[PDB]
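Asks: Here it is: the structure, laid out below.
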Amino acid sequence: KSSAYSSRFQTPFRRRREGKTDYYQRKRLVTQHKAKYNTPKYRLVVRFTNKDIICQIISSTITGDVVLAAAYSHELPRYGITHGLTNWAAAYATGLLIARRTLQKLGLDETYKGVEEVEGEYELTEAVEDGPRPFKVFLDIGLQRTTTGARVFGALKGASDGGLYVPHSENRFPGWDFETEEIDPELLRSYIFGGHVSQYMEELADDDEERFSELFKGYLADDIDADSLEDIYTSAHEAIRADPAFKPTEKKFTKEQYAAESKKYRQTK
Amino acid sequence: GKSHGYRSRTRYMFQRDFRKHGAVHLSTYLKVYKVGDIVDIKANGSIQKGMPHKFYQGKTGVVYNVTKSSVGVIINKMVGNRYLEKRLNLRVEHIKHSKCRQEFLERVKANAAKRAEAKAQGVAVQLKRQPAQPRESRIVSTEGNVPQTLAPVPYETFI
Amino acid sequence: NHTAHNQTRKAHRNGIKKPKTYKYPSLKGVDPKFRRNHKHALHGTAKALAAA
Amino acid sequence: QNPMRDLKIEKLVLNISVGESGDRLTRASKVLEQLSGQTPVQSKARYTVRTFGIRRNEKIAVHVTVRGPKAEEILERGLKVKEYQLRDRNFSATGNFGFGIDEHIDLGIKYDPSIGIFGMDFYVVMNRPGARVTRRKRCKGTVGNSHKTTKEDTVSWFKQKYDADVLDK
RNA sequence: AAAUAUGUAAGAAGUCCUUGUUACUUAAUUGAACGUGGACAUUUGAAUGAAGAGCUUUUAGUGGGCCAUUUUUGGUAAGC
RNA sequence: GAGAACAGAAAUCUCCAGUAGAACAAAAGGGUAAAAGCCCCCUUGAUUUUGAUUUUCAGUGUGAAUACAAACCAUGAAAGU
RNA sequence: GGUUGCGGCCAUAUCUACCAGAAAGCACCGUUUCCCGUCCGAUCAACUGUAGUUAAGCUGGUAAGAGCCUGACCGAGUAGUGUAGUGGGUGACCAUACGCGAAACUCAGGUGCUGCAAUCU
């Protein structure tokens with residue numbers, strides 16, 4: 001283009017060129033009642049990569065946002081889940097995990113257990129009386145398009161079940177009937193565990209077996225059937241409730257050799 | 001006939017600066033405003049809710065109330081032969097703090113410190129500021145800079 | 001017609017004086033939610049400093 | 001050469017400008033749910049002109065976008081109507097092309113004398129794997145110039161395929 | 001992007017520390033506002049001046065204006 | 001701008017560029033780009049009680065706006081509006 | 001040092017053209033049974049990380065580049081301007097005295113910095 005165009009061109013913000021952030025959303029999620037002066041406003045960031053899930057609890061300051069807790073889906077093998085990590089059940093578990101982690105970091109994991117017997121209802125964390133109120137976080141689903149059945153509400157359900165107060169409605173969980181405005185808890189409980197994957201496992205074991213062996217390869221390599229998922233996820237929920245803490249990864253090197261290896265590659269000036 | 005509106009004679013006042021158009025950045029929605037704070041009013045025409053009047057642009061005032069998304073400020077307006085307290089509610093987008101007072105505050109944080117220092121030190125230290133006093137004696141050397149004589153230059157051949 | 005000549009000399013004979021700020025300004029224009037609780041706070045402080 | 005560089009077919013759009021709304025327009029749309037299989041989509045007008053005799057927000061014409069294997073089959077059976085003799089003018093600088101036929105029945109479809117005789121407009125678009133980055137929502141971005149489709153790439157692809165015998169005029 | 005002109009501040013109704021009230025607020029024994037009780041209280045935190053500061057009532061006349069500098073608008077231009 | 005039968009300077013379809021050169025009932029000005037615009041969905045905050053404030057200003061009215069409170073409602077996954 | 005998520009300042013960060021990217025990551029990519037939305041599983045939705053790839057995106061590099069930022073014995077103490085004079089001049093307008101004092105330009109340099117958490121041979 002010409003020179004005047006490039007002069008009179010105003011750029012957008014960096015995270016709007018990069019296409020990662022909605023400021024029309026951030027302005028509403030972050031700003032607080034001025035009468036609540038320094039009171040932070042905690043967001044529950046849920047993000048989905050092609051082979052991971054990131055749950056984060058984030059407050060905001062002027063020196064960038066700040067994290068309180070984190071829960072990725074590439075650590076669930078601690079608790080049992082190994083396959084199907086970008087999955088509705090994985091999202092549920094990850095939400096439960098960030099919940100159970102945050103609440104013991106604070107001191108409320110014994111006061112707000114949430115739910116432990118899961119049957120798939122719309123149930124909010126009700127505040128105990130003469131006691132601390134629940135931890136209140138607000139969901140911010142990036143640029144993820146909201147659709148009933150989406151994964152991102154898996155984590156929402158998991159968190160509200162895990163103990164902390166995420167205000168929501170049940171019209172975007174799977175098993176919601178548009179014509180009658182009615183929810184199907186049997187279907188939702190089937191989705192919390194692997195129901196919608198187990199039926200496909202069973203339906204391909206009589207329809208397309210080469211494709212079954214192609215997709216569900218690791219399951220057979222680890223000797224898994226379509227019935228053990230409802231055992232695995234429930235055995236993992238209890239484990240998360242047991243030890244939700246963050247024991248980090250033992251590092252091979254010490255962030256100095258990691259830089260010594262990369263410093264020879266980056267084509268320095 | 002002539003017009004006296006709420007936004008008359010505001011062509012250049014409430015317009016955005018060059019290459020500063022668009023959304024309001026977030027650092028202003030995260031700044032915190034307490035009663036007693038001192039704020040300078042500068043509006044933006046991106047946000048027509050909570051606008052001040054063109055009189056109060058560039059003025060400076062004191063907060064007296066804090067509400068959701070907006071604060072109240074007191075401003076002394078000259079009308080006739082007296083000043084009047086004008087209490088006006090504004091969204092935060094038309095508000096920035098005043099560093100005028102903050103400089104005084106850190107000057108106090110310094111004078112207290114060196115007063116505390118000098119007391120235990122048994123010395124006296126002057127904390128009243130002073131203007132630019134006159135200069136003082138000095139001696140100017142002529143070693144590398146001999147006085148370079150000049151002259152008024154002529155006009156012919158300059159034109 | 002609308003000559004401002006002499007009006008500022010008129011304004012400046014009896015000065016232009018400031019509005020005499022006071023301590024404890026009025027609590028009419030403030031958030032009533034705050035005001036309602038302020039009343040109770042001060043009443044309790046009184047009933048406590050009376051006892052001690 | 002390499003994978004992830006091949007000029008696969010993205011989609012094929014069929015257009016039919018009927019010009020006027022009515023049973024003619026429904027005749028036009030009736031062929032498409034049997035040719036492609038998908039229902040069509042009618043296209044409202046945009047302005048008001050009387051040389052052609054239309055006004056705004058009239059459903060004057062129709063189209064349909066077909067993808068997948070069926071697109072390449074339809075293209076194969078549509079090219080034999082042109083005898084696989086395309087020009088270089090029809091090819092566009094973006095790396096895509098199309099052609100307009102006069103008779104619709106020369107493709108393999110059953111004939112009726114009541115439906116009418118109306119032509120069609122084929123237009124393909126073909127792009128390498130990796131153009132999602134212009135269409136997605138999060139982290140949009142343009143492809144690199146070493147990865148864009150060009151006229152000289154697609155005419156080469158078309159000479160290779162189908163035994164074109166293009167008319168470089 | 002000037003010059004001139006313009007808003008605010010330059011401390012005692014202040015600064016620091018501690019812990020009391022509330023039906024507001026907080027995930028909360030979190031803050032907000034008001035406080036108690038202690039510390040600084042010398043140069044009380046720029047200059048010049050202050051011919052006293054603040055407040056209140058009540059009431060007269062006036063509500064035809066002109067000249068000059070400078071800027072400036074219609075007007076050819078004026079003691080327009 | 002490059003292209004596609006009838007198709008033309010102009011009917012419909014496709015790609016690239018495009019900081020707004022468009023549109024936002026209506027005057028001009030300001031403002032606005034995952035919107036304040038274009039399409040679609042649900043709705044009636046165009047509601048109740050009465051007050052404080054800004055503007056014209058005598059700090060009176062009328063008119064129009066601003067920000068909260070106590071209620072009831074909508075919308076949305078929610079923040080929020 | 002590299003990458004991801006959330007971000008702050010929002011061009012030193014943009015635009016144009018060529019090159020390199022080990023590790024992991026991200027991404028591209030594969031599949032439509034279900035939830036879901038499409039003229040079309042293209043976008044969006046869901047499933048698997050399984051079959052393949054760094055080609056692009058992304059990051060880092062380079063350039064008589066445009067653009068942007070920064071600073072000047074640059075322009076320039078210029079233009080303009082406040083105050084004064086029984087100063088000049090027919091007037092336009094000008095000079096002087098006490099003061100304030102630019103800009104476009106010209107020159108030189110630069111071409112994203114950084115915060116929280118996690119992770120990487």
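In the structure tokens, the first chain shown is A, the next is B, and so on; residue numbers restart at 1 for each chain, and ligands run from 1 in the order shown.
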Near chain C, which residues of chain E fall within 10 Å when you count only C-alpha atoms (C1' of nucleotides), and what do they look like as a ChimeraX atom specification?
Replies: /E:13,20-25,32-36,54
Asks: Output the selection as a PDB file, in the first residue's frame - C-alpha atoms (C1' of nucleotides) for each residue.
Replies:
```
ATOM      1  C1'   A E  13      -9.497  18.205  58.860  1.00  0.00           C
ATOM      2  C1'   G E  20     -12.692  -1.547  67.717  1.00  0.00           C
ATOM      3  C1'   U E  21     -17.959  -0.847  65.053  1.00  0.00           C
ATOM      4  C1'   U E  22     -21.375  -2.262  60.986  1.00  0.00           C
ATOM      5  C1'   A E  23     -27.431  -4.925  59.104  1.00  0.00           C
ATOM      6  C1'   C E  24     -22.342  -2.808  53.589  1.00  0.00           C
ATOM      7  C1'   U E  25     -18.512  -5.982  51.121  1.00  0.00           C
ATOM      8  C1'   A E  32     -14.835   0.507  52.804  1.00  0.00           C
ATOM      9  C1'   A E  33     -16.139   4.371  55.988  1.00  0.00           C
ATOM     10  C1'   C E  34     -15.853   6.219  60.907  1.00  0.00           C
ATOM     11  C1'   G E  35     -13.043   5.643  65.278  1.00  0.00           C
ATOM     12  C1'   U E  36     -10.147   4.517  70.120  1.00  0.00           C
ATOM     13  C1'   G E  54     -15.789  34.522  58.858  1.00  0.00           C
TER      14        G E  54
END
```
Asks: Please run DSSP on the backbone and report, as a ChimeraX atom specification, all residues within range 1-40 of chain D that come out as strand (DSSP E or B).
Replies: /D:9-16
Asks: I need the residues of range 25-156 of chain D that end up classed as helix (DSSP H, G or I) by DSSP on the backbone, written out as number ranges by chain.
Replies: D: 25-30, 32-35, 69-79, 105-107, 131-134, 151-156
Asks: Okay, now the selection with N, CA and C atoms, as a tab-separated table (two decimals), in the first residue's frame?
Replies:
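Written output follows (result.tsv):
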```
chain	number	residue	atom	x	y	z
D	25	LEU	N	-38.23	-21.26	-11.68
D	25	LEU	CA	-37.22	-21.35	-10.63
D	25	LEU	C	-37.28	-22.70	-9.94
D	26	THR	N	-38.48	-23.23	-9.75
D	26	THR	CA	-38.60	-24.55	-9.15
D	26	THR	C	-38.17	-25.67	-10.09
D	27	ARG	N	-38.42	-25.55	-11.39
D	27	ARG	CA	-37.83	-26.46	-12.36
D	27	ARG	C	-36.32	-26.46	-12.22
D	28	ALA	N	-35.74	-25.26	-12.17
D	28	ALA	CA	-34.29	-25.13	-12.02
D	28	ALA	C	-33.79	-25.79	-10.76
D	29	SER	N	-34.47	-25.58	-9.64
D	29	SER	CA	-34.03	-26.18	-8.39
D	29	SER	C	-34.27	-27.68	-8.34
D	30	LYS	N	-35.20	-28.20	-9.14
D	30	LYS	CA	-35.55	-29.61	-9.03
D	30	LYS	C	-34.42	-30.51	-9.50
D	32	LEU	N	-31.24	-30.17	-9.04
D	32	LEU	CA	-30.06	-30.15	-8.20
D	32	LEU	C	-30.12	-31.19	-7.09
D	33	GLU	N	-31.29	-31.43	-6.51
D	33	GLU	CA	-31.42	-32.47	-5.50
D	33	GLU	C	-31.34	-33.87	-6.08
D	34	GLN	N	-31.29	-34.00	-7.40
D	34	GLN	CA	-31.05	-35.27	-8.06
D	34	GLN	C	-29.66	-35.36	-8.67
D	35	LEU	N	-29.09	-34.22	-9.05
D	35	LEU	CA	-27.73	-34.18	-9.55
D	35	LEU	C	-26.73	-34.29	-8.40
D	69	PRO	N	-16.04	-36.52	-2.58
D	69	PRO	CA	-15.84	-37.25	-3.83
D	69	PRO	C	-16.85	-36.93	-4.90
D	70	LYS	N	-18.11	-36.66	-4.54
D	70	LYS	CA	-19.14	-36.43	-5.54
D	70	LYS	C	-18.81	-35.23	-6.41
D	71	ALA	N	-18.09	-34.25	-5.86
D	71	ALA	CA	-17.71	-33.09	-6.64
D	71	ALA	C	-16.80	-33.46	-7.79
D	72	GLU	N	-15.79	-34.27	-7.53
D	72	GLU	CA	-14.88	-34.69	-8.59
D	72	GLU	C	-15.58	-35.53	-9.64
D	73	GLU	N	-16.56	-36.34	-9.24
D	73	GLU	CA	-17.34	-37.10	-10.20
D	73	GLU	C	-18.17	-36.19	-11.09
D	74	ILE	N	-18.88	-35.24	-10.47
D	74	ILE	CA	-19.66	-34.29	-11.23
D	74	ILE	C	-18.77	-33.50	-12.17
D	75	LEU	N	-17.56	-33.17	-11.73
D	75	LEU	CA	-16.64	-32.44	-12.58
D	75	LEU	C	-16.19	-33.30	-13.75
D	76	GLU	N	-15.96	-34.59	-13.50
D	76	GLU	CA	-15.55	-35.48	-14.57
D	76	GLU	C	-16.63	-35.58	-15.63
D	77	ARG	N	-17.88	-35.70	-15.20
D	77	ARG	CA	-18.97	-35.84	-16.16
D	77	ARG	C	-19.40	-34.51	-16.76
D	78	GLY	N	-18.99	-33.39	-16.18
D	78	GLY	CA	-19.25	-32.09	-16.75
D	78	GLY	C	-18.19	-31.66	-17.73
D	79	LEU	N	-16.97	-32.17	-17.55
D	79	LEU	CA	-15.89	-31.84	-18.46
D	79	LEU	C	-16.07	-32.49	-19.82
D	105	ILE	N	-28.56	-31.57	-19.61
D	105	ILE	CA	-28.82	-33.00	-19.63
D	105	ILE	C	-27.64	-33.82	-20.13
D	106	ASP	N	-26.55	-33.18	-20.53
D	106	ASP	CA	-25.41	-33.88	-21.10
D	106	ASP	C	-24.47	-34.46	-20.05
D	107	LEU	N	-24.95	-34.66	-18.82
D	107	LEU	CA	-24.11	-35.06	-17.71
D	107	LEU	C	-24.34	-36.51	-17.32
D	131	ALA	N	-5.66	-24.25	4.52
D	131	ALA	CA	-6.40	-23.01	4.37
D	131	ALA	C	-7.47	-22.83	5.44
D	132	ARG	N	-7.54	-23.73	6.42
D	132	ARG	CA	-8.37	-23.49	7.59
D	132	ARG	C	-7.95	-22.24	8.33
D	133	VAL	N	-6.68	-21.85	8.23
D	133	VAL	CA	-6.16	-20.71	8.97
D	133	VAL	C	-6.71	-19.38	8.50
D	134	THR	N	-7.41	-19.35	7.38
D	134	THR	CA	-8.13	-18.17	6.93
D	134	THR	C	-9.60	-18.20	7.30
D	151	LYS	N	-2.45	-19.68	-11.01
D	151	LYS	CA	-2.88	-20.13	-12.31
D	151	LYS	C	-1.92	-21.15	-12.89
D	152	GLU	N	-0.62	-20.92	-12.73
D	152	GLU	CA	0.37	-21.81	-13.32
D	152	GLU	C	0.50	-23.11	-12.54
D	153	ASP	N	0.07	-23.13	-11.29
D	153	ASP	CA	-0.01	-24.39	-10.56
D	153	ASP	C	-1.23	-25.18	-11.00
D	154	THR	N	-2.38	-24.52	-11.08
D	154	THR	CA	-3.61	-25.25	-11.35
D	154	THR	C	-3.74	-25.68	-12.80
D	155	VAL	N	-3.22	-24.91	-13.76
D	155	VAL	CA	-3.24	-25.38	-15.14
D	155	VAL	C	-2.31	-26.56	-15.30
D	156	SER	N	-1.20	-26.57	-14.57
D	156	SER	CA	-0.32	-27.74	-14.59
D	156	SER	C	-1.01	-28.95	-13.99
```
Asks: Would you list the contacts of residue 17 in chain C as a PyMOL selection string, taking every protein, DNA or RNA residue within 10 Å and counting only C-alpha atoms (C1' of nucleotides), but skipping same-chain residues closer than 6 positions in sequence?
Replies: chain B and resi 78+81-84
Asks: Those same residues, written as a PDB file, in the first residue's frame with N, CA, C and O atoms?
Replies:
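Everything below was put into out_22.pdb:
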```
ATOM      1  N   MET B  78     -17.245  28.582  39.036  1.00  0.00           N
ATOM      2  CA  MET B  78     -17.452  30.018  39.155  1.00  0.00           C
ATOM      3  C   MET B  78     -18.705  30.386  38.402  1.00  0.00           C
ATOM      4  O   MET B  78     -18.828  30.125  37.205  1.00  0.00           O
ATOM      5  N   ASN B  81     -20.440  35.792  41.188  1.00  0.00           N
ATOM      6  CA  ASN B  81     -19.469  36.301  42.139  1.00  0.00           C
ATOM      7  C   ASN B  81     -19.187  35.308  43.249  1.00  0.00           C
ATOM      8  O   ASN B  81     -18.804  35.710  44.349  1.00  0.00           O
ATOM      9  N   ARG B  82     -19.387  34.022  42.998  1.00  0.00           N
ATOM     10  CA  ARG B  82     -19.154  33.023  44.018  1.00  0.00           C
ATOM     11  C   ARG B  82     -18.858  31.698  43.346  1.00  0.00           C
ATOM     12  O   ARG B  82     -19.125  31.498  42.161  1.00  0.00           O
ATOM     13  N   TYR B  83     -18.306  30.791  44.136  1.00  0.00           N
ATOM     14  CA  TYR B  83     -18.025  29.439  43.710  1.00  0.00           C
ATOM     15  C   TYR B  83     -19.085  28.514  44.277  1.00  0.00           C
ATOM     16  O   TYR B  83     -19.550  28.702  45.403  1.00  0.00           O
ATOM     17  N   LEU B  84     -19.461  27.520  43.486  1.00  0.00           N
ATOM     18  CA  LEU B  84     -20.499  26.571  43.839  1.00  0.00           C
ATOM     19  C   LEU B  84     -19.964  25.159  43.749  1.00  0.00           C
ATOM     20  O   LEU B  84     -19.238  24.828  42.811  1.00  0.00           O
TER      21      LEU B  84
END
```
Asks: Set the cut-off to 8 Å and count only C-alpha atoms (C1' of nucleotides): what are the residues of chain F that reach chain C? Output as a ChimeraX atom specification.
Replies: /F:52,68-69
Asks: Taking only C-alpha atoms into account, which residues of chain C are within 9 Å of chain B, as a PyMOL selection string?
Replies: chain C and resi 7-8+10-12+14-19+29-31
Asks: Since we have the selection now, will you write its residues out, keeping N, CA, C and O atoms, as a PDB file, in the first residue's frame?
Replies:
```
ATOM      1  N   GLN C   7     -18.586  43.743  34.347  1.00  0.00           N
ATOM      2  CA  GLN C   7     -19.141  42.676  35.162  1.00  0.00           C
ATOM      3  C   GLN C   7     -18.095  41.993  36.024  1.00  0.00           C
ATOM      4  O   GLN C   7     -18.389  41.643  37.171  1.00  0.00           O
ATOM      5  N   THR C   8     -16.879  41.815  35.526  1.00  0.00           N
ATOM      6  CA  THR C   8     -15.827  41.244  36.349  1.00  0.00           C
ATOM      7  C   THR C   8     -15.277  42.221  37.377  1.00  0.00           C
ATOM      8  O   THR C   8     -14.901  41.793  38.471  1.00  0.00           O
ATOM      9  N   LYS C  10     -17.242  44.171  38.818  1.00  0.00           N
ATOM     10  CA  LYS C  10     -18.280  44.044  39.825  1.00  0.00           C
ATOM     11  C   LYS C  10     -18.093  42.783  40.644  1.00  0.00           C
ATOM     12  O   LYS C  10     -18.305  42.793  41.859  1.00  0.00           O
ATOM     13  N   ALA C  11     -17.704  41.698  39.995  1.00  0.00           N
ATOM     14  CA  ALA C  11     -17.446  40.440  40.670  1.00  0.00           C
ATOM     15  C   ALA C  11     -16.270  40.516  41.623  1.00  0.00           C
ATOM     16  O   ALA C  11     -16.268  39.814  42.638  1.00  0.00           O
ATOM     17  N   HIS C  12     -15.287  41.357  41.326  1.00  0.00           N
ATOM     18  CA  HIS C  12     -14.036  41.386  42.062  1.00  0.00           C
ATOM     19  C   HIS C  12     -13.986  42.455  43.144  1.00  0.00           C
ATOM     20  O   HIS C  12     -12.935  42.633  43.770  1.00  0.00           O
ATOM     21  N   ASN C  14     -16.334  42.559  45.902  1.00  0.00           N
ATOM     22  CA  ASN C  14     -16.539  41.678  47.036  1.00  0.00           C
ATOM     23  C   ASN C  14     -15.875  40.324  46.835  1.00  0.00           C
ATOM     24  O   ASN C  14     -16.348  39.318  47.372  1.00  0.00           O
ATOM     25  N   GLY C  15     -14.794  40.282  46.063  1.00  0.00           N
ATOM     26  CA  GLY C  15     -14.049  39.063  45.839  1.00  0.00           C
ATOM     27  C   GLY C  15     -14.888  37.975  45.202  1.00  0.00           C
ATOM     28  O   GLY C  15     -16.047  38.152  44.839  1.00  0.00           O
ATOM     29  N   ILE C  16     -14.251  36.822  45.052  1.00  0.00           N
ATOM     30  CA  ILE C  16     -14.898  35.596  44.614  1.00  0.00           C
ATOM     31  C   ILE C  16     -14.415  34.516  45.559  1.00  0.00           C
ATOM     32  O   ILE C  16     -13.315  33.975  45.384  1.00  0.00           O
ATOM     33  N   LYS C  17     -15.229  34.198  46.555  1.00  0.00           N
ATOM     34  CA  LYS C  17     -14.768  33.459  47.714  1.00  0.00           C
ATOM     35  C   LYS C  17     -15.113  31.983  47.590  1.00  0.00           C
ATOM     36  O   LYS C  17     -16.080  31.609  46.921  1.00  0.00           O
ATOM     37  N   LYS C  18     -14.309  31.157  48.248  1.00  0.00           N
ATOM     38  CA  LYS C  18     -14.445  29.717  48.165  1.00  0.00           C
ATOM     39  C   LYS C  18     -15.588  29.249  49.068  1.00  0.00           C
ATOM     40  O   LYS C  18     -16.058  30.004  49.923  1.00  0.00           O
ATOM     41  N   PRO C  19     -16.053  28.002  48.912  1.00  0.00           N
ATOM     42  CA  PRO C  19     -17.341  27.633  49.508  1.00  0.00           C
ATOM     43  C   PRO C  19     -17.282  27.155  50.951  1.00  0.00           C
ATOM     44  O   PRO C  19     -18.279  26.629  51.452  1.00  0.00           O
ATOM     45  N   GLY C  29     -26.143  12.588  48.838  1.00  0.00           N
ATOM     46  CA  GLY C  29     -25.898  12.141  47.483  1.00  0.00           C
ATOM     47  C   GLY C  29     -25.209  10.808  47.343  1.00  0.00           C
ATOM     48  O   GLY C  29     -25.024  10.347  46.215  1.00  0.00           O
ATOM     49  N   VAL C  30     -24.830  10.176  48.444  1.00  0.00           N
ATOM     50  CA  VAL C  30     -24.022   8.967  48.399  1.00  0.00           C
ATOM     51  C   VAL C  30     -24.899   7.742  48.210  1.00  0.00           C
ATOM     52  O   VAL C  30     -26.129   7.827  48.261  1.00  0.00           O
ATOM     53  N   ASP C  31     -24.266   6.602  47.997  1.00  0.00           N
ATOM     54  CA  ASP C  31     -24.979   5.347  47.903  1.00  0.00           C
ATOM     55  C   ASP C  31     -25.757   5.078  49.195  1.00  0.00           C
ATOM     56  O   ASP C  31     -25.151   5.020  50.280  1.00  0.00           O
TER      57      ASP C  31
END
```
Asks: Between CA of residue 111 in chain A and CA of residue 33 in chain A, what distance in Å does the model show, to one decimal?
Replies: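 We find that CA of residue 111 in chain A and CA of residue 33 in chain A lie 27.8 Å from each other.
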Asks: List the neighbours of residue 50 in chain D out to 10 Å using only C-alpha atoms (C1' of nucleotides); skip same-chain residues closer than 4 positions along the sequence, and give me the result as a PDB file with C-alpha atoms (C1' of nucleotides), in the first residue's frame.
Replies:
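Final output, saved to result11.pdb:
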```pdb
ATOM      1  CA  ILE D  54     -36.197  -7.676 -11.227  1.00  0.00           C
ATOM      2  CA  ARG D  55     -36.325  -5.929  -7.869  1.00  0.00           C
TER       3      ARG D  55
ATOM      4  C1'   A F  11     -28.919  -9.802 -13.190  1.00  0.00           C
TER       5        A F  11
END
```
Asks: Would you tabulate, counting only C-alpha atoms, all residues of chain A that have an atom at most 9 Å from an atom of chain B, showing the closest pair of atoms and their distance in Å to one decimal, sorted by chain then ascending number, as a Markdown table?
Replies:
```
| residue | atom | partner | partner_atom | distance |
| --- | --- | --- | --- | --- |
| A:8 | CA | B:19 | CA | 7.0 |
| A:9 | CA | B:19 | CA | 7.2 |
| A:10 | CA | B:19 | CA | 4.9 |
| A:11 | CA | B:19 | CA | 7.9 |
| A:12 | CA | B:22 | CA | 8.5 |
| A:23 | CA | B:23 | CA | 8.2 |
| A:24 | CA | B:23 | CA | 8.5 |
| A:26 | CA | B:26 | CA | 8.4 |
| A:27 | CA | B:26 | CA | 6.8 |
| A:30 | CA | B:30 | CA | 8.1 |
| A:31 | CA | B:29 | CA | 5.7 |
| A:32 | CA | B:68 | CA | 7.6 |
| A:33 | CA | B:68 | CA | 4.5 |
| A:34 | CA | B:68 | CA | 5.4 |
| A:35 | CA | B:67 | CA | 5.7 |
| A:36 | CA | B:68 | CA | 8.7 |
| A:37 | CA | B:32 | CA | 6.2 |
| A:38 | CA | B:32 | CA | 7.2 |
| A:60 | CA | B:30 | CA | 8.2 |
| A:61 | CA | B:30 | CA | 6.8 |
| A:62 | CA | B:27 | CA | 5.7 |
```
Asks: Could you write those residues out with C-alpha atoms, as a PDB file, in the first residue's frame?
Replies:
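File produced: part_17.pdb:
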```pdb
ATOM      1  CA  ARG A   8      -3.123   6.575   9.204  1.00  0.00           C
ATOM      2  CA  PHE A   9      -3.353   2.851   9.958  1.00  0.00           C
ATOM      3  CA  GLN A  10      -4.164   2.219  13.595  1.00  0.00           C
ATOM      4  CA  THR A  11      -3.361  -1.264  14.699  1.00  0.00           C
ATOM      5  CA  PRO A  12      -5.637  -3.234  16.938  1.00  0.00           C
ATOM      6  CA  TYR A  23     -12.007  -7.464  24.760  1.00  0.00           C
ATOM      7  CA  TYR A  24     -15.744  -6.885  24.472  1.00  0.00           C
ATOM      8  CA  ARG A  26     -12.946  -9.185  28.917  1.00  0.00           C
ATOM      9  CA  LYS A  27     -14.261  -5.745  29.803  1.00  0.00           C
ATOM     10  CA  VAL A  30     -13.008  -8.453  34.616  1.00  0.00           C
ATOM     11  CA  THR A  31     -14.237  -5.039  35.678  1.00  0.00           C
ATOM     12  CA  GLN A  32     -15.806  -4.893  39.096  1.00  0.00           C
ATOM     13  CA  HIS A  33     -18.119  -2.772  41.128  1.00  0.00           C
ATOM     14  CA  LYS A  34     -15.993   0.129  42.284  1.00  0.00           C
ATOM     15  CA  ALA A  35     -17.581  -0.228  45.718  1.00  0.00           C
ATOM     16  CA  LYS A  36     -15.802  -3.585  45.808  1.00  0.00           C
ATOM     17  CA  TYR A  37     -12.492  -1.885  45.621  1.00  0.00           C
ATOM     18  CA  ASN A  38      -9.591  -4.332  45.477  1.00  0.00           C
ATOM     19  CA  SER A  60      -6.559  -9.617  37.018  1.00  0.00           C
ATOM     20  CA  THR A  61      -4.245  -6.714  37.757  1.00  0.00           C
ATOM     21  CA  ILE A  62      -2.606  -4.022  35.663  1.00  0.00           C
TER      22      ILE A  62
END
```
Asks: May I ask you to extract the residues of chain F within 6 Å of chain B, using only C-alpha atoms (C1' of nucleotides), and to give them as an MDAnalysis selection string?
Replies: chainID F and resid 31 55 66:67
Asks: What are the residues of chain G that have an atom within 8 Å of an atom of chain D, counting only C-alpha atoms (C1' of nucleotides), as a list in words?
Replies: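 Within 8 Å of chain D on chain G, we get residues 28, 39, 40, 42, 43, 53, 55, 56 and 57 of chain G.
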Asks: Take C1' of residue 118 in chain G and CA of residue 70 in chain A and report the distance between them in Å, one decimal.
Replies: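 Rounded to one decimal, the two atoms are 7.8 Å apart.
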Asks: Any chance you could tabulate, as CSV, the residues of chain B at most 8 Å from chain E with each one's nearest atom pair and distance in Å to one decimal, using only C-alpha atoms (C1' of nucleotides), in chain and rising number order?
Replies:
```
residue,atom,partner,partner_atom,distance
B:58,CA,E:7,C1',6.5
B:59,CA,E:7,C1',4.6
B:60,CA,E:8,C1',5.4
B:61,CA,E:8,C1',7.2
B:100,CA,E:9,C1',5.6
B:101,CA,E:9,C1',5.5
B:104,CA,E:10,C1',6.8
B:108,CA,E:15,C1',7.5
B:109,CA,E:15,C1',7.8
B:111,CA,E:45,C1',7.7
B:112,CA,E:15,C1',7.8
B:126,CA,E:43,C1',6.2
B:127,CA,E:45,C1',5.8
B:128,CA,E:45,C1',5.3
B:129,CA,E:46,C1',5.3
B:130,CA,E:46,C1',5.9
B:131,CA,E:46,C1',6.8
```
Asks: As an exercise, work out the distance from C1' of residue 61 in chain G to CA of residue 267 in chain A in Å and give it to one decimal place.
Replies: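 If I compute the distance from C1' of residue 61 in chain G to CA of residue 267 in chain A, I get 5.9 Å.
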Asks: Show me, as a list in words, the residues of chain A whose atoms get within 6 Å of chain D, using only C-alpha atoms for the distance check.
Replies: residues 18, 19 and 20 of chain A
Asks: Would you save the residues from that selection as a compact mmCIF listing (two decimals), in the first residue's frame, using N, CA and C atoms?
Replies:
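out.txt was written with the following content:
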```
# COMPACT_ATOMS: atom_id res chain seq x y z
N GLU A 18 -3.35 -11.32 16.91
CA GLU A 18 -3.13 -12.74 17.10
C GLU A 18 -4.42 -13.53 17.18
N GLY A 19 -5.56 -12.87 17.30
CA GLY A 19 -6.83 -13.56 17.32
C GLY A 19 -6.99 -14.53 18.47
N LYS A 20 -6.77 -14.06 19.69
CA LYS A 20 -6.80 -14.90 20.87
C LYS A 20 -7.69 -14.38 21.99
```
